[PDB]
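Peer 1: Have a look at this one.
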Amino acid sequence: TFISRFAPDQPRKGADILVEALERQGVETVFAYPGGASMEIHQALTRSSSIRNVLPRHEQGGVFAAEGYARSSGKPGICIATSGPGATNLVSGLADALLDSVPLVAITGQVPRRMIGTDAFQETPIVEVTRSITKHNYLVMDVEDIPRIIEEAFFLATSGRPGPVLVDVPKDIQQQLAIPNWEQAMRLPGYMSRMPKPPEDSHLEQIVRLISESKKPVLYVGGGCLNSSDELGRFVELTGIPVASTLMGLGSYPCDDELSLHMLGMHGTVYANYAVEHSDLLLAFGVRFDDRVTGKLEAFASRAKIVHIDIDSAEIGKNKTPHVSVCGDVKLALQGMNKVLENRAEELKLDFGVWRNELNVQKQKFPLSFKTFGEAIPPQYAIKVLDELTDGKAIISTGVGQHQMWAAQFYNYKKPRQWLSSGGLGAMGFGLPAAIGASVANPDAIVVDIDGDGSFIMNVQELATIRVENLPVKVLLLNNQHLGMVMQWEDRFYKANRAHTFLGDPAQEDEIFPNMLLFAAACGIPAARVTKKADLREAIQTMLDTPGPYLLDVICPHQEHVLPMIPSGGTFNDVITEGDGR
Amino acid sequence: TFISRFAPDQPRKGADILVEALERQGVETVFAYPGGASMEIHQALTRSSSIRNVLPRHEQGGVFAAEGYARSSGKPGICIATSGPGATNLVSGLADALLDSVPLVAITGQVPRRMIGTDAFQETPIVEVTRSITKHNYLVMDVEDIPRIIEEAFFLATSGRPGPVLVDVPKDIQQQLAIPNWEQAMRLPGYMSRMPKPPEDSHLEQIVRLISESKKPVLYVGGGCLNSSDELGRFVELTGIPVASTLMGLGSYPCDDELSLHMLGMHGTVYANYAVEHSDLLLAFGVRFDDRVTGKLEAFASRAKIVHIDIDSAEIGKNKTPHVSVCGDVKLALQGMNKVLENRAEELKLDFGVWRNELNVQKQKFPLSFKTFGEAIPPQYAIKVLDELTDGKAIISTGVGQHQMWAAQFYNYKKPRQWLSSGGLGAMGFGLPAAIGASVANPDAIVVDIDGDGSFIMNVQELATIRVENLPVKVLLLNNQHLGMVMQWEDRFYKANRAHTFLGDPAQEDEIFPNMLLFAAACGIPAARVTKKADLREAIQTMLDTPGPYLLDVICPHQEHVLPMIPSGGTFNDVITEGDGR
Amino acid sequence: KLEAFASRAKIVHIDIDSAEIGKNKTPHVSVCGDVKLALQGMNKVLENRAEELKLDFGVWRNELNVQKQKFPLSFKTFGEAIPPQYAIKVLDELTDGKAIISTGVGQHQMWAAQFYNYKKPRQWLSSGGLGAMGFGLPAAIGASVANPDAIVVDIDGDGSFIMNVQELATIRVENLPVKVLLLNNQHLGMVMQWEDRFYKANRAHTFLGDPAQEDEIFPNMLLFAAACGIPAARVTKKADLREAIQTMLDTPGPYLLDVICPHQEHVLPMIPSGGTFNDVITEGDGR
Ligand SMILES: Cc1cc2nc3c(=O)[nH]c(=O)nc-3n(C[C@H](O)[C@H](O)[C@H](O)COP(=O)(O)OP(=O)(O)OC[C@H]3O[C@@H](n4cnc5c(N)ncnc54)[C@H](O)[C@@H]3O)c2cc1C
Ligand SMILES: Cc1cc2nc3c(=O)[nH]c(=O)nc-3n(C[C@H](O)[C@H](O)[C@H](O)COP(=O)(O)OP(=O)(O)OC[C@H]3O[C@@H](n4cnc5c(N)ncnc54)[C@H](O)[C@@H]3O)c2cc1C
Ligand SMILES: Cc1ncc(Cn2c(C)c(CCOP(=O)(O)OP(=O)(O)O)sc2=O)c(N)n1
Ligand SMILES: Cc1ncc(Cn2c(C)c(CCOP(=O)(O)OP(=O)(O)O)sc2=O)c(N)n1
Ligand SMILES: Cc1ncc(Cn2c(C)c(CCOP(=O)(O)OP(=O)(O)O)sc2=O)c(N)n1
Ligand SMILES: COC(=O)c1csc(C)c1S(=O)(=O)NC(=O)n1nc(OC)n(C)c1=O
Ligand SMILES: COC(=O)c1csc(C)c1S(=O)(=O)NC(=O)n1nc(OC)n(C)c1=O
Ligand SMILES: [K+]
Ligand SMILES: [Mg+2]
Ligand SMILES: [Mg+2]
Ligand SMILES: [Mg+2]
């Protein structure tokens, strides 16, 4: 039973109605940056004793924090911004959430209704701007629509394929007095009629049949499995089918496990891509056959009968055409298949040990590798040490680039929602704010932002947020003084011709620039720099053991290349295994 | 005669064609941040010896810099970004340029043509997203359309009412080899047929007639007059009509002049708003009757015959209905009227000395004012000292808020394009990057960013850009530890109830947080902090005399309110002249 | 050509749509509002200051009345053939200018506007901006329902009329006294006219009759009416025209009068599209 701060017959501002609507959705935390068109909402927030605001220093920091909050918890992330420049600053985060299917509700203040379309002060047609980069959006045109729309927004954001929903609220609506009706019915008849039914037995039996008839099966798991770790683990025990994961699905199956092929794709392991290449049965659970993974589609799993289970019908048959498909929750499909695989367990004689042996040979001949030069610090080694010292239980957010790939390759995530990273849009500056959101959602957890010097400085202002909110966010800054990923492509495809990839100061090219330590000191955040590999272990330990926020500046040689690499649009035969920029 | 780096019969990459197209437009400087979808363009830039790139640390920094470049020169500003997260990071700047009518060409890399619409890696439908916040945009679908589209984009951005134009270029187009045709004809038959003709004599004679029949005329000038300072000055000499300027029109008429009523509007001077209120003839040249200026439209210039000259027909009669109008270049209209006003100079007996005396009485009774408390530093006084020490010849960019209004009130701009400020959208974080663009465009000029601690930290990463590019950007940071403008509205309309407006650290509320000096030190930028009013003059002098970049942290009491103030939607009778938050 | 239009005039524009004020022609004085209210206000002033003002544009009116004598609306009469202009002029006389007139689109539409003197507004129903054929007959239906006691006449062309000929059924079933004055030139006249002046009279699918019997009137519109139980007749000689129209009016209920016209007629005068007043065509047809 919900308790309101207002009487059932007591008229209150629309802004107060909007906040209570959030309270009735179980919202405990918002990321809101005040402005003229949203002042009323911010006032209403202070009257709430159950909702806490985390003030960012930039709205992009706000929305990225909401994403980190969502990704690390499974709850919807909520961010609030003012009209105009506030709203437009959310855009990268909205697109980010849509591409990675992250549940998000974004609320923006708007100019009064009568002022709309007149090019008014701080006015932006944000609904028009964001229609193609949100799952859905709204323009509230009456105070009485607030309870319904808020309920619909949370429902749409969290159900089916999750995604961002934006609600635009005109200032006069916020100021209007009304008595809300919470027993309103949602107006989503089309969306609800197309909601996937629970998986039928006939479809599930067909899959189990294909498994018993295969000899080289491979699991291909992604973001859709983040809530099915238990079910998937049970499935693997009953089948013994090796698991390859996408960038978005890391941790769904334990990375330190024997049957883990780790990540597949452009920078996936040789043995993961091998498995898919030579498979005769491909179990695609919660994936979307993106080109980072497939490369040339005609060569991708060319020998396999393909099973695709997705909650979005639009994804089934989009790029790769499956032989067998199921449109529904992969969690329910796994449960159903587990029931059958156990009751008919000995009737079936599942044993892909010969196939697993073949893959384990590839794992020995072509494992993940890095080279150590003198006392210089290998970024791969740095991440591997972090894994050991945190016992693989840390929440890891990243920026985008080389360090991102290494963070995915050399850390073994035990559970889902430990790995927070921008995959589809691949937005730099994501790491630090996402870590903020994750730490708020998980106060007792070890939270580490593995960032690059390019990505880190993009939203460096959120260091202030971290200190003020007293969040124990650790920053593992891998500093190669470059935009590494772009620099790598220059080396392989443009004869190493540098085109604005150096981030330091050409007047003092051997000096580290900027001095990230002083960025931290500005925000009262303790920090240090390590350069010698011998001192690295103790330095990371110090970062972890020191209570509160910490910045560790890890200096790396920039000549390092992410390996292995399948060129864009290429095949497994085109995989690059050796070489750098020396 | 233009000289190409390629033979007329030599096939070259589309990216090389795009860069030469910029060269043929006279482009000398771009603000580009590299990414996968735009690597080809960046490669092509290095082969150019006439175009220089300024690498920002954030694309929003890039686009804001392009704006500052444009506003301070009258040339189009050019920014380049990669696909996806690069493109979306431009959005605030695009909206900003559209609302303030700033000439801008934005180029974004895009995924290959065949990949469009497939939710590909780093793909954003940026044309769809930005259609409502640009003057026009393009999606290049063939390499042979590049010369035409680039030419059209620059033409559209700089002609008529200036504005931002975005050109989206797919990666495969950049890589395709072709022989460009530069003699292509632009496909803009509609736009060109609606281009305003030069002002007719009959229209101009009607205005001059109204002037001779008036007794209380007032000039109402704005952004449209930025290229007519000479013509406008000549006009004033011949008429003796007092001048009121918008936030966007500052400097069109010299602020230190006797006939200057300074700024009108919400935070305009009492005597400027008085003049308009009691005028019988309102000469609206290059303005758009925004609500910051007019307040309640029915009360705005209720006794005046209104003359409106605008190059955009859609602006004439939008909010306020004029008696006489001219659709065309205000520069040409001024020239025509000057010719008549001089030939019929003694036939006309223009003498509004009685009206000017009435206004000068209001100027004595209600001048701009500030109070000095002990040794604390008045922000108004700080800006006034900067004016004296730079002799009013400095280029001034600002953030958004209280400091912005004070920068407009207490600095007397002699010429147009000294004043760079986000007016229509009012985007924070604009100041520092805009100063960067201005300094690149004007290497020998004194460039000063008058910023607030909220706005400054939003794009603080561009401090790195400043040092690396060795730009003599001065930062006058007015630090009140708050979001001042919002805090002011809290005091007057919400009983001073603080809702997330404090920017410091509540654990050490008397300590200045963050330490902006260390932000500068991180980027090797010399800096200092002043707290006592007695030391202020010497501190600013040091900032100016010190060669290169400099940050001056000016500590101000936060209780200050911007005055005077006409409440939103109010009239002249509702003007607030006294009070703060003490 | 906008640059030539009223090039010597100070322009006053009163419109209730602000988007229309300054769109094509830039006014010196404008009022955004109801023209009805503007007229009322100006009338009050023009009467109170009536003798203070000495308004007398008799010299200007004399100059125009000279042009009216030298260049009036005209048509030519060939033998016993029926001039469509004359047909409409006779309808005006016999209905005393009090009839509601709907039209199709084309030559007959222009003649209906030129040679009928409408006394009051909302007598004239015609598609102007879009200019949609097949408008006449259904519009007459709507007008007759709204104005049961009024004389309603659809002045239509054989191309426009047949486009929605099915509404003849509607007319009979609803027992509406809709009169149809069908001006039949066996062609798409307006298009045919442009062919004559701009394409050397090269016919491109403008003939509406049957090429196997090109002198026979096709289709037989009388039988269209008979199908829907609507009394009808056809007139060909100018001498019988007056009595035929009278019969149409005096006959209670719906009626179709098929008026046969020579197709060589051109709508005059004509200013070519995008032209000026100096480019006005005053003479010529397709003979
Ligand atoms: C520099 C860089 C390099 C990259 N290289 C790689 C790489 O080498 N390898 C790699 O894998 N990725 C790589 N990516 C990431 C890549 O772009 C995509 O983000 C990722 O591959 C797609 O993840 P996904 O296939 O698991 O589908 P997701 O984007 O995670 O979407 C989840 C899918 O499952 C469905 N789904 C959601 N919930 C359910 C449910 N309950 N039941 C059933 N279905 C559900 C959804 O409809 C959707 O189709 C890289 C990114 C960057 C920035
Ligand atoms: C916190 C804050 C407070 C503000 N308060 C105020 C205030 O108190 N007073 C104030 O004035 N502003 C204030 N503003 C700014 C305000 O929102 C607008 O930016 C500004 O008032 C509009 O400028 P403008 O009227 O000159 O037209 P502009 O936005 O500058 O546009 C120029 C106009 O002239 C036309 N034009 C352009 N070129 C030509 C040409 N060659 N010939 C003829 N016409 C041309 C254009 O079509 C356009 O209509 C404030 C902004 C902020 C952020
Ligand atoms: C906002 C933005 N701009 C540009 C890019 C393109 N981009 C860029 C410029 C990368 C290099 C990132 O540099 P870094 O220092 O943050 O990390 P690494 O040096 O490890 O690559 S990665 C990449 O794909 C992007 N993903 N996001
Ligand atoms: C990106 C963004 N967010 C929010 C606002 C709304 N806003 C805010 C939050 C202002 C206060 C700015 O604080 P400041 O420190 O930069 O300057 P002052 O303290 O002098 O006001 S001003 C204003 O209109 C805005 N204009 N732009
Ligand atoms: C539905 C439609 N199609 C085509 C046209 C173009 N059009 C055509 C084909 C006209 C000739 C109409 O023939 P008509 O018999 O109805 O009238 P006239 O012979 O008097 O011109 S008039 C004209 O502008 C149109 N206006 N409407
Ligand atoms: C924020 O912009 C708006 O909401 C706005 C656009 S038009 C219009 C009448 C309004 S408002 O309702 O009357 N609030 C307002 O002007 N302001 N102006 C401010 O600072 C100048 N603030 C803080 C407002 O709320
Ligand atoms: C940048 O994104 C794209 O341009 C892109 C989307 S789909 C597709 C086939 C391409 S690309 O032409 O083949 N370049 C590319 O993949 N990448 N990938 C990169 O890093 C992973 N870089 C730097 C690219 O250019
Ligand atoms: K930033
Ligand atoms: Mg780097
Ligand atoms: Mg401040
Ligand atoms: Mg005809």
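Numbering of chain A is taken from Swiss-Prot, so the residues present carry the numbers 86-667, in order.
Backbone N, Cα and C atoms are what each Cβ position is placed from, and that goes for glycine too.
What Swiss-Prot records for A:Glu144, A:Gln207, A:487-488, A:511-513, A:538-540, A:565-570 is thiamine diphosphate binding site, and it gives experimental evidence as the kind of evidence. For A:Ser186, A:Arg246, A:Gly308, A:331-332, A:349-352, A:371-375, A:395-396, A:414-415, A:508-509, the entry in Swiss-Prot reads FAD binding site, with the evidence type experimental evidence. Here Swiss-Prot flags A:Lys220, A:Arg246 as (R)-imazaquin binding site. The chlorimuron-ethyl binding site annotation in Swiss-Prot covers A:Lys256, A:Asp376, A:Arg377, A:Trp574, A:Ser653 and is backed by experimental evidence. Feature annotation from Swiss-Prot assigns Mg(2+) binding site to A:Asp538, A:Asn565, A:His567. What Swiss-Prot lists as coiled coil is A:414-446, and the listing cites sequence analysis. The feature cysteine sulfinic acid (-SO2H) is assigned by Swiss-Prot to A:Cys340, with experimental evidence given as support.
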Peer 1: Considering only the binding-site residues A:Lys220, A:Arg246, A:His567, which fall within 10 Å of A:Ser186 (FAD binding site) when distances are taken between Cα atoms?
Peer 2: A:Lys220, A:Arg246
Peer 1: Determine which residues of this chain, when A:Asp538, A:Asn565, A:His567 are set aside, have a Cβ within 8 Å of the centroid of the Mg(2+) site's Cβ atoms, and list them as they appear in the sequence.
Peer 2: A:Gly537, A:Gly539, A:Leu563, A:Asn564, A:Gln566, A:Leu568, A:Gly569, A:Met572, A:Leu588, A:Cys641, A:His643
Peer 1: Checking interface proximity: list the binding-site residues among A:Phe374, A:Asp376, A:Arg377, A:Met513, A:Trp574 whose CB sits under 8 Å from a chain B CB, in sequence order.
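Peer 2: Near chain B, the qualifying binding-site residues are A:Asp376, A:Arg377, A:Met513, A:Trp574.
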Peer 1: Would you mind pulling the longest C-alpha to C-alpha span across A:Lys256, A:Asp376, A:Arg377, A:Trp574, A:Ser653, which the record has binding chlorimuron-ethyl, in angstrom?
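Peer 2: Maximum Cα-Cα distance: 48 Å.
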Peer 1: Using a 10 Å cut-off, grab the number of neighbouring Cβ atoms around the Cβ of A:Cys340 (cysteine sulfinic acid (-SO2H)), all chains included.
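Peer 2: Excluding its own Cβ, the number within 10 Å is 23.
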Peer 1: Among the binding-site residues listed here, A:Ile396, A:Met513, which has the most company in the form of other Cβ atoms within 10 Å of its Cβ?
Peer 2: A:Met513
Peer 1: Which of the recorded positions A:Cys340, A:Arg377, A:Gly539 has its Cα nearest to the Cα of A:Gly350 (FAD binding site)?
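Peer 2: In terms of Cα distance, A:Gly350 (FAD binding site) lies closest to A:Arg377.
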Peer 1: List which of the binding-site residues A:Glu144, A:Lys220, A:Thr331, A:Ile396, A:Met513 have their Cα within 10 Å of the Cα of A:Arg377 (chlorimuron-ethyl binding site), in sequence order.
Peer 2: A:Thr331
Peer 1: Find the one among the binding-site residues A:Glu144, A:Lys220, A:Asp376, A:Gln487, A:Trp574 whose C-alpha lies closest to that of A:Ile396 (FAD binding site).
Peer 2: A:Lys220
Peer 1: Using a 10 Å cut-off on Cβ-Cβ distances across all protein chains shown, tell me which of the binding-site residues (A:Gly508, A:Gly511, A:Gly569) has the largest neighbour count.
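Peer 2: The residue with the most neighbouring Cβ atoms within 10 Å is A:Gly569.
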Peer 1: What is the separation, in Å, between the Cα atoms of A:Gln487 (thiamine diphosphate binding site) and A:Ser653 (chlorimuron-ethyl binding site)?
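Peer 2: For A:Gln487 (thiamine diphosphate binding site) versus A:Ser653 (chlorimuron-ethyl binding site), the Cα atoms are 16 Å apart.
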Peer 1: Does any of A:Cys340, A:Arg377, A:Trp574 have a Cβ within less than 6 Å of an atom of ligand 7? These are the recorded positions; tell me which, or none.
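Peer 2: By the Cβ criterion, which requires under 6 Å to ligand 7, the hits are A:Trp574.
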Peer 1: Compile a sequence-ordered list of residues in the same chain as A:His567 (thiamine diphosphate binding site), six or more apart from it, whose Cβ lies below 8 A from its Cβ; state 'none' when nothing qualifies.
Peer 2: A:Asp538, A:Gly539, A:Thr586, A:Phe587, A:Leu588, A:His643
Peer 1: Taking just the CA atoms, what is the gap between A:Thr331 (FAD binding site) and A:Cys340 (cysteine sulfinic acid (-SO2H)) in Å?
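Peer 2: With distance taken Cα to Cα, A:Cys340 (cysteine sulfinic acid (-SO2H)) is 12 Å from A:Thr331 (FAD binding site).
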Peer 1: A:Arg246 ((R)-imazaquin binding site): which of the recorded positions A:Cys340, A:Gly508, A:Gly511, A:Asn565, A:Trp574 is the nearest Cα neighbour?
Peer 2: A:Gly508
Peer 1: Would you identify the secondary structure of A:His567 (thiamine diphosphate binding site) according to DSSP, in three states?
Peer 2: strand
Peer 1: Measuring Cα to Cα, how many angstrom lie between the residue listed as 'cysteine sulfinic acid (-SO2H)' and A:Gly511 (thiamine diphosphate binding site)?
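Peer 2: Approximately 23 Å lies between the Cα of the residue listed as 'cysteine sulfinic acid (-SO2H)' and that of A:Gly511 (thiamine diphosphate binding site).
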Peer 1: With the Cβ atom as the reference point and anything under 6 Å counting, tell me which of the recorded positions (A:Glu144, A:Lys256, A:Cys340, A:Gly371, A:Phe374, A:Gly569) are near ligand 6.
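Peer 2: Near ligand 6, sequence order: A:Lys256.
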Peer 1: Which entry in the list of binding-site residues, A:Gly350, A:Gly371, A:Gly539, has its Cβ near the fewest other Cβ atoms, using 10 Å as the limit?
Peer 2: A:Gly350
Peer 1: Can you give me the Cα-Cα distance between A:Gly569 (thiamine diphosphate binding site) and A:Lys256 (chlorimuron-ethyl binding site) in Å, rounded to a whole number?
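Peer 2: Rounded to the nearest whole number, the Cα-Cα distance is 45 Å.
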Peer 1: On a simple 10 Å Cβ count over all chains shown, which one of the binding-site residues A:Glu144, A:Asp376, A:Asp538 is most densely packed?
Peer 2: A:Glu144
